[PDB]
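Student: Structure incoming, see below.
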Amino acid sequence: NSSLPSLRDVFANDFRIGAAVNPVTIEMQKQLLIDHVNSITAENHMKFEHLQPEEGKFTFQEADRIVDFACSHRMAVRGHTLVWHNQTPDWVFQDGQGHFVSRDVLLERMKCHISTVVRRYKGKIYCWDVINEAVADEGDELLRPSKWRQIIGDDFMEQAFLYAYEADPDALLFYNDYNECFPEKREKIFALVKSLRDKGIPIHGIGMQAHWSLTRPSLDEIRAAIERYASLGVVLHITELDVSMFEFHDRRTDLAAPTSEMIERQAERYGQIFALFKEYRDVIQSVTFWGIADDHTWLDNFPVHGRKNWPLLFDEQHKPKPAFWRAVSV
Ligand code: NA
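When we follow the numbering used here, the leftmost residue of the sequence shown carries the number 62, and every step to the right adds one.
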């Protein structure tokens, strides 16, 4: 690695380079992070259930460690995530009697969470995924069901963005989602963000999770989605990038190593993707991977528990893969 290029330096004129982390992987992958990234996201410890597990009980210790690491290495931090249909405790939606709370009460609890969390990290965290994954991933409706939406109404996203803006008006506020380049879902995401901006809501950015495979989305699809979203005037971040060795239909559990063909195609795929990101450097300002090396990835257990995946630029021994060399040479 002594003579290896540094990802953040190669892309210094193009976008930040980030990694998702937790206190354990910061220790396990510390030198790779130090050597390559200039942005960090908490993989899990800034989600609602990890910050306010019980009402009025805030547990910032893990998030604090992650921010302390970033700040001491001059890394930016993306805050992930305030309002989501997952990893939010049941207390949030319920009264003492157990019934669902009212719209007004859920808005007070949303405001209190957002205010307390965003104000704690103001001046250290420069952007927040305020709404995560509200758009439907299947069927014809615009929006996914969620208790947030059930109890407040469809203006729950408007309110979340306004509460976060009040808590830190210097932050960039994002709508973040996956399968963001499939045309039907891209059109829903575009319509939704257009409608919020058309009302003056402080949404500044779209986060493209980019939980991609070797084949999907196509490069034409990615291009079209970047152009579509940029045409709204928002900032784009690629927020959770990984390139799975398995397509969505491939639920094999048996593979103990990637084939040479998978490794080669993944290298080609990452070179193609980075070439496209560099081409859109004027609208893409950050590319975060959902990890940094193949010794830690949520894809080992999702969508199939207990297998192994190899989605990143560095292998389990933290050495560069064929994908690294193509990514850095665009
Ligand atoms: Na840029």
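Cβ coordinates follow ideal geometry from the N, Cα and C atoms, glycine included.
1) Rounding to the nearest angstrom, what Cα-Cα distance links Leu337 and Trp152 in this structure?
2) With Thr102 as the anchor, note down where its beta strand (DSSP E) starts and where it stops.
3) Excluding the 5 residues flanking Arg210 on each side, which residues of the same chain have their C-beta closer than 7 Å to its C-beta?
4) Among residues of its own chain, excluding the 5 on either side of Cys132, which ones have a beta-carbon nearer than 7 Å to its beta-carbon?
5) Within its chain, find whatever has a CB closer than 7 Å to the CB of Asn240; leave out the 5 residues flanking it on each side and keep chain order.
6) What residues in its chain sit with their C-beta under 8 Å from that of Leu223, if we drop five residues either side in the sequence?
7) Taking three-plus beta-carbon pairs below 8 Å as touching, is the stretch 84 to 97 in contact with the stretch 114 to 133?
8) Check whether the Cβ atoms of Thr149 and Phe121 lie closer than 8 Å to each other.
9) What are the boundary residues of the alpha helix (DSSP H) that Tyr341 is part of?
10) Assign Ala232 to one of two classes, buried (16 or more other C-beta atoms within 10 Å of its C-beta) or exposed (fewer than that).
11) Rounded to a whole number of angstroms, what is the C-alpha to C-alpha distance between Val196 and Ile250?
12) Should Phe375 and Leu93 be called a contact, given that it needs their Cβ atoms to be closer than 8 Å?
13) Going by beta carbon distance, what residues of the same chain come within less than 8 Å of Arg164, once the five residues before and after it are set aside?
14) Does any CB atom of chain B fall closer than 8 Å to the CB of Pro114?
15) To which residues of the same chain is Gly332 closer than 8 Å at the C-beta, ignoring the five residues directly before and after it?
16) Spell out the partners DSSP gives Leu297 in its beta bridges.
17) For the ligand NA, is there any heavy atom lying closer than 7 Å to the beta carbon of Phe76?
18) With a cut-off of 8 Å on the beta carbons, I'd call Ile101 and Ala80 a contact; round off their distance for me.
19) Between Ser274 and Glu308, is the Cβ-Cβ spacing less than 8 Å?
20) Would you tell me roughly how many angstroms separate the C-alpha atoms of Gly294 and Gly268, rounded to the nearest one?
21) Are the beta-carbon atoms belonging to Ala221 and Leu143 less than 8 Å from one another?
22) Opposite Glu115 in the DSSP bridges: which residues?
23) Given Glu116, which residues of its chain have a CB within under 7 Å of its CB, disregarding the five upstream and five downstream residues?
24) In chain order, what residues of the same chain lie with their CB nearer than 7 Å to the CB of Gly352, ignoring the 5 residues before and after it?
25) Which runs of the alpha helix (DSSP H), 4 residues or longer, sit entirely within the stretch 116 to 176?
26) The alpha helix (DSSP H) spanning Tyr224 covers which residue range?
27) What residue range is occupied by the uninterrupted beta strand (DSSP E) comprising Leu233?
28) Can you find a heavy atom of the ligand NA that lies under 7 Å from the Cβ of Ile345?
29) Can you tell me the Cα-Cα spacing of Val296 and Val138, whole angstroms?
Tutor: Answer, in terms of the structure:
1) Taking the straight line from one Cα to the other gives about 44 Å.
2) 100 to 103
3) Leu204, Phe217
4) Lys185
5) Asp198, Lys246
6) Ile262, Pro263
7) yes
8) no
9) Counting along the chain, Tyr341 falls outside any alpha helix (DSSP H), and DSSP gives it neither H nor E.
10) Classification for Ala232: buried.
11) 7 Å
12) For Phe375 and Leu93, yes; Cβs fall inside 8 Å.
13) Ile212, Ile213, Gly214
14) Looking at the structure shown, chain B is missing, and only one protein chain is on hand.
15) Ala384, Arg387, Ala388, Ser390, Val391
16) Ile267, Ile345
17) yes
18) 6 Å
19) yes
20) 13 Å
21) yes
22) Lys118
23) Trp152
24) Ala80, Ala81, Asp303, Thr358, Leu373
25) 122 to 133
26) 217 to 228
27) 233 to 238
28) yes
29) 16 Å
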